[PDB]
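**Student:** this block holds the first chain(s) of the complex, placed as they are in the complex; more will follow:
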Amino acid sequence: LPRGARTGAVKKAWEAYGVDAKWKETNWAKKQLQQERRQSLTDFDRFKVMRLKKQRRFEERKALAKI
Amino acid sequence: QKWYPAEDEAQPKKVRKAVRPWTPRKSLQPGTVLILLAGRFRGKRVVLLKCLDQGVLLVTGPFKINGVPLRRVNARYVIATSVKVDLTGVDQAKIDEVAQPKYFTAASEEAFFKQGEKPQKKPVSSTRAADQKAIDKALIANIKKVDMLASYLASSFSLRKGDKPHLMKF
Amino acid sequence: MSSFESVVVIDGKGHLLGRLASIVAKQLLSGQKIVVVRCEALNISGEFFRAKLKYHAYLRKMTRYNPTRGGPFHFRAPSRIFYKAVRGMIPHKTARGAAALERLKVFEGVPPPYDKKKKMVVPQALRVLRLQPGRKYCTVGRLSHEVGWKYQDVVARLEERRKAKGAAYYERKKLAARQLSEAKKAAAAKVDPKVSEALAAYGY
């Protein structure tokens, strides 16, 4: 990136290097996307997760008891 | 009337306070699942039927899902949840019947001898049980189609650790 | 973020003295029970000798001290050096003030009730967050040891024993971390994958 580059020149390097695609792969963004999706959960979709983690947990325990 | 005014009790002046219809919040719609916060059915999730006058709300359980009958409740004492159920097939004529104000409102030997005794719990009436069944018949059949709503409505709302209601989206 | 706990245990290592004392005294008055462990590992800013003059200065301005309750008594252990700090920050001549100190409970080392419990930290009083890197600091254990605390080698040997018990705790927690992660991978093949995407679309 050239020093002091104006907005057009940084945009040229932005699209060429693909900063947005690399940021989505970055683990910092996945934690952010997990956080935003968690915060948008309504009360009825909170009742799914209580029911739904229970179903997932049951296959975890016979696997855990196996080993 | 009959009597001359026997004292100097002045009549009140004509007050300028006309009664105007109550405008409910946008989140209250027919079919919205509601969370009761006060009363004997606190914490219970219920389904709204009709918005009545002066902040009163007509709400059913339905009875076979959680146990809440046809009842009234105040708007400020309830929380509206983003899930909305369908009321296709529900009798609007029967709902308009149970929305009337008269519905939920209504010296001898036996009078003297029952002084101090605790009154016996009178049971449910035939019409109250029959109107309940007529309203709910198309209601829980609607509830079975949407997945996990039956266990949702039979459950009770509560707050866990870290549950901050100013951040919870309902 | 303003959570109410039953009792909160504060690890004392790497914490500055008066900033921990100011935060603790506000929670005691608010109604929080406080337990402080490792009072010998607390830190006081500045060089060691600066701590020595203010120890000599406190004994200077008091004629005929009580040997048992005060005077050089307060400096003869690290637990009660901290108790002297919290007491000057609390209305101790009031019954609300006395009640706030009964919520406090300070120790040197980690007693057996509190080594199996979780020890939190206070970010606003941590030495490495508040002090400049080149600034020099002293430990309250070596302040009390040069005043007359007698059990510095005692609390050391009990602490090196506690590390050894803690080493066996991780080695048990290592094996649980293997088995839990393995069971997560093992049951994911039969986790009914209509529902695995449902949890991923909700954040779990």
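**Tutor:** Right, received. Where do you want to start? Numbering: from 1, shown residues only, chains lettered A, B, ... in the order given.
**Student:** let's verify residue C:10: helix, strand, or coil?
**Tutor:** With DSSP: H, G, I helix; E, B strand; the rest coil as the basis, residue C:10 sits in strand.
**Student:** tell me what it is bridged to.
**Tutor:** Taking DSSP bridges as the rule, residue C:10 bridges to residue C:36, residue C:120.
**Student:** identify the residues contacting it.
**Tutor:** C:20, C:24, C:34-37, C:119-122 (C-beta atoms under 8 Å, 6 or more residues apart in numbering or on different chains). C-beta: built from backbone N, CA, C; applies to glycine.
**Student:** what residues does chain B have near chain A?
**Tutor:** B:33, B:35, B:81-83, B:148-149, B:151-152, B:155, B:157, B:167-170 (C-beta under 8 Å from any C-beta of the partner chain).
**Student:** among those, who's most crowded?
**Tutor:** residue B:152 (23 neighbours; other C-beta atoms under 10 Å in any protein chain shown).
**Student:** which residue is the nearest non-sequential neighbour of that one?
**Tutor:** Once flanking residues are discounted, residue B:152 sits nearest to residue A:47: 4.9 Å by C-beta to C-beta, 6 or more residues apart in numbering or on different chains.
**Student:** quick one: contacts for that neighbour?
**Tutor:** With C-beta under 8 Å, 6+ apart, residue A:47 has these contacts: B:148, B:151-152, B:155.
**Student:** got those residues as TSV, with secondary structure and distance to residue B:138 columns?
**Tutor:** As requested, these are exported to TSV (DSSP: H, G, I helix; E, B strand; the rest coil; distance: C-beta to C-beta, whole Å):
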residue	secondary structure	distance to residue B:138
B:148	coil	20
B:151	helix	20
B:152	helix	19
B:155	coil	22
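**Student:** to the structure above, add chain D:
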Amino acid sequence: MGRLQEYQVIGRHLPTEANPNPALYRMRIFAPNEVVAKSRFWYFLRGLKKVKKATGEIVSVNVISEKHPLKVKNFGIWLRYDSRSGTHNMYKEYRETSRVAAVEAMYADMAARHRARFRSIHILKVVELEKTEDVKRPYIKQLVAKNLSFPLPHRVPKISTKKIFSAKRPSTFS
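**Tutor:** Following on from the chains above, chain D is added here:
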């Protein structure tokens, strides 16, 4: 002193029969608002010449905005302050994106290292250093040096002040 702005203040003597069309003096004044910019203008003008506010009028007050506030440049500020000992002259260098930002930098810097307030401090000349090697100053010199790249060790992370208790000891590697 605050978010100062630049002000062009032009004024002249109230005309008489003897001197119609007076001389129209102009001054550039840094001030937080216009009523301070006009006050500084009459303060200086009575200092050099005999004109005063009572016998004078102000013909214009205009804001001089930055031509390129998105470009970073070096500023040389000539200066004059009155201490207890007397008045002295010095010259500071600042690196900001605007002249009012450099004067903001000066006023905090001069009050810190020399304890000089707004009344004592007189602006002499603030001018953009157009070309390198006209920078006469060491801490600016290392910044204008070739391929600047420094680490950020021991950065204290933002922990919210209302989270009094923390479960994990924070890390200072971010």
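**Student:** same as before for the contacts of residue C:10, with chain D this time.
**Tutor:** Counting by C-beta under 8 Å, 6+ apart, residue C:10 has contacts C:20, C:24, C:34-37, C:119-122, D:165.
**Student:** helix/strand/coil for the residue nearest the centre of chain A?
**Tutor:** Central residue of chain A (C-alpha atoms, centre = their mean): residue A:30, 2.5 Å from the mean position. Here residue A:30 is helix, with the state taken from three-state DSSP.
**Student:** same deal with the one 3 residues further on?
**Tutor:** Classification of residue A:33 into helix, strand or coil gives helix, according to three-state DSSP.
**Student:** and it, how many residues sit next to it?
**Tutor:** 12.
**Student:** and residue C:87, by the same measure?
**Tutor:** Count around residue C:87 with other C-beta under 10 Å applied: 17.
**Student:** report the contact partners of it.
**Tutor:** So residue C:87 contacts residue C:101 (C-beta under 8 Å, 6+ apart).
**Student:** for the helix or strand where residue B:129 lies, packing partners?
**Tutor:** Element membership of residue B:129 [criterion: DSSP states H and E] is helix B:126-145. Helices and strands touching helix B:126-145, by 3 or more C-beta pairs under 8 Å, 6 or more residues apart in numbering or on different chains; DSSP states H and E, are strand B:56-60, helix B:92-98, helix B:149-154.
**Student:** can you pull the buried residues of that helix?
**Tutor:** B:131-132, B:134-136, B:139-140, B:142-143 (16 or more other C-beta atoms under 10 Å in any protein chain shown).
**Student:** do any residues in stretch B:162-170 lie close to chain D?
**Tutor:** No: in this structure, stretch B:162-170 remains apart from chain D according to C-beta under 8 Å from any C-beta; the gap is never smaller than 12.6 Å.
**Student:** chain center to that stretch, what's the gap?
**Tutor:** With C-alpha atoms, centre = their mean, to the nearest Å as the basis, stretch B:162-170 stands 25 Å off its chain's centre.
**Student:** let's bring in chain E now:
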Amino acid sequence: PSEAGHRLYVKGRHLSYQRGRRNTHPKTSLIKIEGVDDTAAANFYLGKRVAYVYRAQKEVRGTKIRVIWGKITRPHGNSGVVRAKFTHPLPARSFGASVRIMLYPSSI
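**Tutor:** If we add chain E to the chains shown above, we get the following:
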């Protein structure tokens, strides 16, 4: 069995009265709501009902529980503390005692 709770209130602590250095006014009390830390979060809890529940060591209605009711009037400070007005002022020895903040009246 459910093995779940029944709490429908936010937890709070009675901090003090409205006061200066030395002039305390008992008719308004200060409450620290759990989870609120800015003035923005305190704006949610305004005009919510607030109950103070205690025990009295005598049964008057078959119960030793007595309640004092109130409401959250305005935010206090920048840290989420709120001002509460009750029917009667809270005692004094309840400084640092539990307070139940209800979720009614609701506008959600």
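**Student:** please re-evaluate the neighbour count of residue C:87 in the presence of chain E.
**Tutor:** Residues near residue C:87, counting by other C-beta under 10 Å, number 17.
**Student:** give the contact list for the closest residue to chain D within chain E.
**Tutor:** Nearest residue of chain E to chain D: residue E:37, at 3.7 Å (C-beta to the nearest C-beta). Listed by C-beta under 8 Å, 6+ apart, the contact partners of residue E:37 are C:1-2, D:160, D:162, E:79-80.
**Student:** can you count the residues close to the closest residue to chain E within chain C?
**Tutor:** Closest residue of chain C to chain E, C-beta to the nearest C-beta: residue C:31 (3.1 Å). The burial count assigned to residue C:31 is 19, neighbours taken as other C-beta under 10 Å.
**Student:** what residues are up against the residue lying closest to it once chain neighbours are set aside?
**Tutor:** With C-beta to C-beta, 6+ apart as the criterion, residue C:31 has its nearest non-adjacent residue at 3.1 Å, and that residue is residue E:96. With contact set as C-beta under 8 Å, 6+ apart, residue E:96 has these partners: C:29-31, C:96, C:99-100, E:13-15.
**Student:** repeat that with 10 Å
**Tutor:** C:27-32, C:96, C:99-100, C:103, E:13-16, E:32 (C-beta atoms under 10 Å, 6 or more residues apart in numbering or on different chains).
**Student:** ok, now how distant is the closest residue to chain E within chain B from residue D:129?
**Tutor:** Per C-beta to the nearest C-beta, residue B:76 is where chain B lies closest to chain E, at 3.5 Å. In this view, residue B:76 and residue D:129 are 67 Å apart by C-beta to C-beta, to the nearest Å.
**Student:** which one's more surrounded, those two?
**Tutor:** Comparing residue B:76 with residue D:129 by other C-beta under 10 Å, the one with more neighbours is residue D:129, at 19 against 14.
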